[PDB]
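Virtual Cβ from ideal backbone geometry, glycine too; neighbours counted across all protein chains shown. Nothing in this text is a laboratory measurement; each read-out follows from the coordinates by a stated rule.
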Amino acid sequence: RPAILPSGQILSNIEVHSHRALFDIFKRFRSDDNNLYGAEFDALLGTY
Amino acid sequence: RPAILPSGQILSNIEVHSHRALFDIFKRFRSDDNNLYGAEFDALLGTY
Amino acid sequence: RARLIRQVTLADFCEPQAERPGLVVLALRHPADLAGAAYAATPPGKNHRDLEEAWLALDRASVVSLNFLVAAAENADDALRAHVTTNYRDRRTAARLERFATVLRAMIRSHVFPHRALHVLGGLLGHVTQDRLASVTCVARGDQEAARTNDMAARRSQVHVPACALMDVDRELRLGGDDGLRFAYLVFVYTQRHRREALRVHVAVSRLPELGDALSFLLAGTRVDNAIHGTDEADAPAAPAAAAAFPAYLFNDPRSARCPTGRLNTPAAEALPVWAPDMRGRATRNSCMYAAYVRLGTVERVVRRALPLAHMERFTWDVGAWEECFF
Amino acid sequence: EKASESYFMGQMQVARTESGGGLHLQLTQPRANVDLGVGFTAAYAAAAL
Amino acid sequence: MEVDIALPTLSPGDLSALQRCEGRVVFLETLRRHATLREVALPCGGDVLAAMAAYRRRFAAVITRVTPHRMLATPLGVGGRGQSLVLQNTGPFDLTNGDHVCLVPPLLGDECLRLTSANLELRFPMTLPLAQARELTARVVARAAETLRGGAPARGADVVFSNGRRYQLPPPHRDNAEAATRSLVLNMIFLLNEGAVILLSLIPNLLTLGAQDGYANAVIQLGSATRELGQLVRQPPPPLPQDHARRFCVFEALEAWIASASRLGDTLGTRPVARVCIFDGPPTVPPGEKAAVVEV
Amino acid sequence: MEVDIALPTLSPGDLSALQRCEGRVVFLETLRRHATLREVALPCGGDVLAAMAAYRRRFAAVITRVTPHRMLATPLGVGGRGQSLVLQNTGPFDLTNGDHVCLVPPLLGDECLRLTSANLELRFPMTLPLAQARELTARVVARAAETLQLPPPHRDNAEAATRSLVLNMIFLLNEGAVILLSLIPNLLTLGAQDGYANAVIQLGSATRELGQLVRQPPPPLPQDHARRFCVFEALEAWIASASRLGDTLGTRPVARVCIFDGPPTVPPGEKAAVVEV
Amino acid sequence: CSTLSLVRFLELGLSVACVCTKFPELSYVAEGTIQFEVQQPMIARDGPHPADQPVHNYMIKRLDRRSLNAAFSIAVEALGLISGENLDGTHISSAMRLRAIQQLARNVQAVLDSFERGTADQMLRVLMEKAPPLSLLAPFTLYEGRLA
Amino acid sequence: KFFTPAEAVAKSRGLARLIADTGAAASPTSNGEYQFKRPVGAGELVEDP
């Protein structure tokens, strides 16, 4: 679930896999994951 | 019964509890003691 | 706000012009019922009218300042004796202190303990005095400095305790704890050896809600030497008879002599074993009494600063009931 | 470096609890922080001893 | 939290008597802003033990001003800041300034309002200082016990002092003192004997030690650390197969004794309910006269 | 005074579970105004006797609000007796209006809001009415005395409970107490002409098993049977002891239940108003 | 007398380390996060080595939350002399009302100031936790991309 | 810290984790007149290689 319009451009051209545990959650792939290309949401359809 | 107006300002910014040797009496209350308010006085009432 | 007590009385033991406000005061029982209850309370062997005499030797007067009582005990630092003697206005005062000492030492000897003779009031703040007649006023609940003294130099007050008697506990027992809100206990220490006995006073603060084992270990020597020399002067009989051994082997015996109810006067039931529980001169509970305490309230801080003293910090008066410490 | 920490501040929050005649105020302010750099963005050196 | 009590109109004359009890205490049932007089009522000839046990499952409340329509009470348990309130002392002897009061049923000869117009009775419990009450209970129980074994029925020393004056401790037959107290003395003496028996059964050789050097040493060792003279409690003999008509498991008996002793100790009051803080008055309030009090 | 308990960062899997603990009680050790959550915490269940002995050495505190940063509390009894608060019940028996409540360590364990992120677990004590807490303490201490839904003892602290019990029992034996001990048959015979007299005596009475097996002679007159009287002293001592025997093994009742409008009996798992004592 | 020397955070040099910002609803905020986007380059090899496709990855970082505190106790006599509850009609009451109010001001000026030195300290406390020692770090960035 | 292997159960999914942790470790000892087990609750920043 990526954002659409970002806020700031990260500029450091650094390797990122080697710094795995520097943060909580991250997933990587190569291309065409077919999961990114699927919208899903949870609606509530009425209040009474 | 502290002083009412200070003559001149001090300049050093130093902790003082560790230099209590230099002084003769030294009293440090925590914050706004309720004792420095009450002010009594002696009086002489008429001379004949 | 806090609520107060006013009790008009005699300027005998607490002398509210001699001390400044902020020190605990005690209420003294009427001595008539003490002298009476002695007649039935002093143990066997001892004297049974010596408290009568000790009281008669000191002749209503109702209050007694702790500052005065602490002086008339074993433990005291002579500076406070000198202060009480030379700083009290009153006539004949040192003699009275001596007589009061003899009174309390008689009280413990007669097994009517002073903790059953001194209820505790709050810290005094005000007084108006005639010639040898005062009307002290002390707090009873709430925090001390909710009051309003008519000094006009220091409207509010604090609580002052003679630092000679203030025994801290936690830093003493080394609980490794960190000082937060701590309780406050006034404790008595008895010691019982006939014609050689005394009383020790203390004011104890700690976080411990239940003293119990804490004093039982703190006063170990007192309990030890009090349990053994306490039964003295009581004629114990000779070696206990073997019949005193309460038989236990006979409870779940299927075959044994038995006797239904309704035939117990003098029937042919003499075949039952005899057992004579014989307890005459052993250590009773009042024999092993060594300390007594009572909760006073809650405290923030204790600082020592001047005669040595000990200023309390945000004392909240909450008086509790008395407590025995014998086991 | 130029921007190593995103750092947020709340609003000062007081608790004027009366306690024993005199008020005893208690100030408090919550604040949160987070790093925003991929790869390390700090390093000490331990010069003297 | 002040409750009012509907009052079924009685008569003249009797309502004056109801007005005279403007200071005593009454035991409500639940904290509701309304209640009927028929609810707060007890047969004024009753068992002292059961009444003292019931005093716990209720709330104390003092009768403030009364009117032919209703009467107002104020509970003591719940409360805000422990406000002051007036109280009519009704014990047998006075109470001084700066002590704690306790609520015990009318142990001695009873007094009870008999509202003959409404056909109901009221009991107003005594108001005693703490230690004097804890000793008066023992006094009455010990007198009944001495009577029980048919020994010397009198010793001339069943008297209690309080602030000089000697009190007589009225003779124990006036209203029903030979019947409304039997329960208490039985339930106390029995438990005492049972505790003694259990202890002696767990330590059979306690009363065969040194008259002055063995027993004291055992007690001082027990109070001190873990020596305990081995299993000072010798292993009791093994029980029966629990259908034999003479089974006796000592430990279950100890369990029952602990439970019953705790329960009896809790249903005795002796936990202060108030404290006299009289101010601007005679420092010693005699019986029958009101006295300023702050709830604890 | 309002104890403030600070919280570390928490996963949403357990913050929402902690939100549900809005009316339970925890045990601090010192009454500073601030205190971290890690401090107020007890290890997982074990030795209900030891735990019950530990509740005496610390004063309780009930919590009221749980914010994403901060979690308040209230020191139960240090200077107050009428601070009407609310705490939820977690004991099996439903506590009714009128009676007091006492804190008791939990049985069987299984009551541990095990927080993985913070790597700690809490064990909130259950709340029982007085009448049943006394009986539970009785059962556990008796079982400890046996070893010279139920966990076994540890033989290192059970001796301390036995010591307290045997002391409180030993000091009942007085030269006056034997006088009372003399009328066991005179008591049994009295427990026959009437019904209530027989009713007060139990069934496995542990004394009827004695009065029908052993005869005892008239008691020896104590020293000075004219000046003083001993039965009175022994009975006064026994009252003084029994008034404080229940608490010395368990815990004093900490609060009594008062409810102004709701239904009288409150079931398990439901909050109910209270006033402390 | 002594005069207290105030200090303002943004005037220090340390401010170049953090992007401060107001957020007056931080007390209502549960776990908050921030996301990073990044895609790596790639070179097209030849021969026995197999070609590689680009790599993308997403990631999130969670906030850390703290708080500060400072007491400001004031007395009861000054409290009653400020309001007028314990005032008097004299020429000696106001002479002390002035004293009480100026002392209260001198007190709040010190307490309210402490939240600047406070953030100055918290910045160091949080920076010093992230920083790995340089010795353990200089050779690590020379084997990167090879720790396979 | 030589014989306790439980840190393995705290499995390592990055060397940068180990690097960034040494420099952020909590002090296990106290500041008394001897070396005692420190109460873990407070927490103190210390480094060890």
- Note on the structure: Counting only residues 5 or more apart in sequence or on a different chain, those whose built amide H sits under 5 Å from that of F:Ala255 are F:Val101, F:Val277
- Least to most buried among C:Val294, E:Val40, by other C-beta atoms within 10 Å and fewest first, runs C:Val294, E:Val40
- Query: What is the local net charge at F:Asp4, summed over the other residues whose Cβ is closer than 10 Å to its Cβ (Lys, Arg +1; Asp, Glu -1)?
  - Reply: +2
- Query: Per 5 Å bin, what percent of the C-alpha pairs of region C:247-327 does each bin hold, from zero upward?
  - Reply: 3, 9, 9, 9, 9, 7, 7, 7, 6, 6, 5, 5, 5, 5, 5, 2, 0
- Once normalised by the length of chain G, the mean sequence separation of its alpha carbon contacts under 8 Å that are 6 or more apart gives a contact order in percent of 23 percent
- Message: Please compute the modelled spin-label separation between C:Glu270 and C:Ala153, points set 7 Å along Cα→Cβ, answer in nm with one decimal.
- Response: 8.9 nm
- Task: Considering the rotation that carries chain B onto chain A, locate the chain B residue whose Cβ comes closest to its axis and report the distance in whole Å.
- Result: B:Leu11, 46
- Could you grab the relative contact order for region F:1-133? Cα pairs under 8 Å, six or more apart, rounded to a whole percent. 31 percent
- Could you work out the mean count of beta carbons from other protein chains within 10 Å of each residue's beta carbon in C:246-256? 6
- Counting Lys +1, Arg +1, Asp -1, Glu -1, what net charge surrounds G:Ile101 among other residues with beta carbon under 14 Å of its beta carbon? +1
- Each residue of region C:310-327 in turn: what ³J(HN,Hα) in whole Hz from Karplus with 6.51, -1.76, 1.60 and θ = phi - 60°, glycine and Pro shown as x? 8, 7, 6, 8, 6, 6, 10, 6, 8, 8, x, 8, 6, 8, 8, 9, 10, 6
- Message: Using a 7 Å offset from Cα along the direction of the beta-carbon, what are the separations from A:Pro6 to the same position in each other copy, nm, ascending?
- Response: 5.5
- Within the set of other residues whose C-beta is less than 13 Å from the C-beta of F:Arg58, count the net charge using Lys and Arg as +1 and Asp and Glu as -1. 0
- Task: Kindly give the distances from A:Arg20 to its copy-mates, label point to label point, with each label point 7 Å from Cα along Cα→Cβ, as nm values to one decimal ordered shortest first.
- Result: 5.8
- Grab the protein assembly as shown and count how many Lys pairs have their alpha-carbon atoms under 30 Å apart, sequence gap of 8 or more, or different chains. 17
- In what sequence, highest mean first, do H:17-28, F:123-134 appear when ranked by Cβ atoms within 10 angstrom? F:123-134, H:17-28
- Within a 10 angstrom radius of each residue's Cβ in D:7-19, how many Cβ atoms of other chains show up on average? Whole number is fine. 5
- Query: In 20 Å bins starting at 0, how do the alpha-carbon pair distances of the protein assembly as shown split up by percent?
  - Reply: 9, 32, 33, 18, 7, 1, 0
- Task: Counting helices only, and only those DSSP H runs with n ≥ 4, report the 222 nm mean residue ellipticity of the protein assembly as shown as the sum of -39,500 (n - 2.57) divided by its residues, in deg cm²/dmol to the nearest 500.
- Result: -7000 deg cm²/dmol
- Work out the mean other chain Cβ neighbour count within 10 Å for the residues of E:49-60 and drop it here as an integer. 1
- Pseudo-label separations to other copies for B:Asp42 - Cα-to-Cβ vector, 7 Å, nm: 8.3
- Note on the structure: Fewest to most Cβ atoms within 10 Å: C:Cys138, E:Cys249, C:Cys288 sort as E:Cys249, C:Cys288, C:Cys138
- Item | Order by protection proxy (mean Cβ within 10 Å, highest first), peptides G:27-39, E:230-242 | G:27-39, E:230-242
